[PDB]
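As structure tokens, one chain now follows by itself in the form deposited in one PDB entry.
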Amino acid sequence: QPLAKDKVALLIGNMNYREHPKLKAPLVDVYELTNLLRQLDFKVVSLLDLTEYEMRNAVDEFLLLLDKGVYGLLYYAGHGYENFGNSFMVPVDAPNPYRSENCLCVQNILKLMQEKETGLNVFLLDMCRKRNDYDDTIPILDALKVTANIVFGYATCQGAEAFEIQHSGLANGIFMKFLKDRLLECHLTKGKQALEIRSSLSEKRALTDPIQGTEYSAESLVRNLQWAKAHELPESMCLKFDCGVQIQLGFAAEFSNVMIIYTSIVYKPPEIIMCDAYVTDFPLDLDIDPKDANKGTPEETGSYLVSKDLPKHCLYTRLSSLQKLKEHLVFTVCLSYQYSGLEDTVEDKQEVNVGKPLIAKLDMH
């Protein structure tokens, strides 16, 4: 029987490039792939918009989980490049033009995966190439794609336009389709595209293979808790203001580095006729435009989470970039309230601290 010792996954989606065309596609594709992998018993990390430093720390810690018998999946979506056989994943902080030292190399990660003694390695790259970056003419000089169980997947589109066109739609990502078709148990648009799948398997492996489950393992507890504690969300607060008004502050995870906050009035005393609550004062590291806070749908914040997913009728705020948090997520719930019978509006302020939510816990900036 093929068994997994563990099932671990790291998904990266880069979009918000400083010096390169911004992408949109990754967000959806990471979310849907996360959601698939959860149902296959994977512990997933899902990170949007990483710098070089962030990507390296993330990938290394993924690689540290790949012991003997582990099933490991790595996914990247975003800009990439190719030179002399060597492919590169570009972080959001990379300058223009691309230099190798600003980028993470595919083949290095692949070589590291092949040393680890895993039961299955999966490495899936969905890359936007620059228009005129075709594959180079090369000899093959070095390989490990025999000695360990590998599925390697490499999609390309030439240019951001063709990339975004082919990725348009929900539920439709190339690798999610591949996984569903090939590893359990969207029309061809204009432009230039490529897909490469390569595999070397000594025996049939599938994502659906059972974990060798444990009753009393220290290692398995370690593994579980290392991941689970990187995914602590704040408990919902019922914030009581001095006038008697109660604002519920709720929290949702969207990615390992994205939290939705949402606000609702849950008590209005008879002495108050009208009230509004809003959030402000977020840490500058997280970099929120208040134009994208306090919105009347989660959709308006840029969330994948829709109005049917979250509690309804709130104001919604998306706090992305949690990996950049230095201290605590200190922010302010404000209350505006009008007293019953008066025109007079009062303001009040309640500072909230929620600690280090999600990957912010690691404190690795």
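We call the rigid core whatever largest set of C-alpha positions still superposes within 1.5 Å between the two forms. We number the residues from 1 along the sequence you see.
For the cut-off of one third of the other compared entries, residue 84 stays well clear, since all of them model it along with its flanks. Per the compared records, residue 133 is unresolved in at least a third of the other entries whose models span it. Unmodelled residues of the deposited sequence between neighbouring positions residue 242 and residue 243 number none; the chain is continuous.
Between 305-313 and 41-49, it is 305-313 that carries the larger average Cα temperature factor according to the deposited entry. Taking the mean C-alpha B-factor of each stretch as recorded, 141-149 and 217-225 are not equal, and the higher mean is that of 141-149. The residue among 77, 74, 170, 261 whose C-alpha atom has the highest B-factor in the PDB entry is 170. Take 124, 110, 286, 230 and read off each C-alpha B-factor from the entry; 286 has the highest. In the PDB entry, residue 202 places in the middle third of its chain by CA B-factor. In the PDB entry, residue 177 places in the middle third of its chain by CA B-factor. Ranked by C-alpha B-factor against the other modelled residues of its chain, residue 339 falls in the highest third.
In the PDB entry, residue 267 places in the highest third of its chain by CA B-factor. The deposited CA B-factor of residue 346 belongs to the highest third of values across its chain.
Beyond what is shown, the protein has a form deposited in another entry; the following relates to that form.
The one residue among 272, 92, 125, 104 whose Cα position changes by 2 Å or more between the shown form and the other one, with the core held fixed by superposition, is 272. Residue 173 shows a C-alpha shift of 2 Å or greater between the shown form and the other one [criterion: core-superposed Cα displacement of 2 Å].
Fitting the two forms on the rigid core leaves the C-alpha of residue 339 displaced by at least 2 angstroms between the shown form and the other one. Superposed on the core, the two forms barely differ at residue 69: its CA moves less than 2 Å between the shown form and the other one. The gap between the Cα atoms of residue 50 and residue 180 is smaller in that other deposited form, by no less than 3 Å, than in this form. An increase of at least 3 Å in the separation of the C-alpha atoms of residue 72 and residue 177 is found in that other deposited form, compared with the displayed form.
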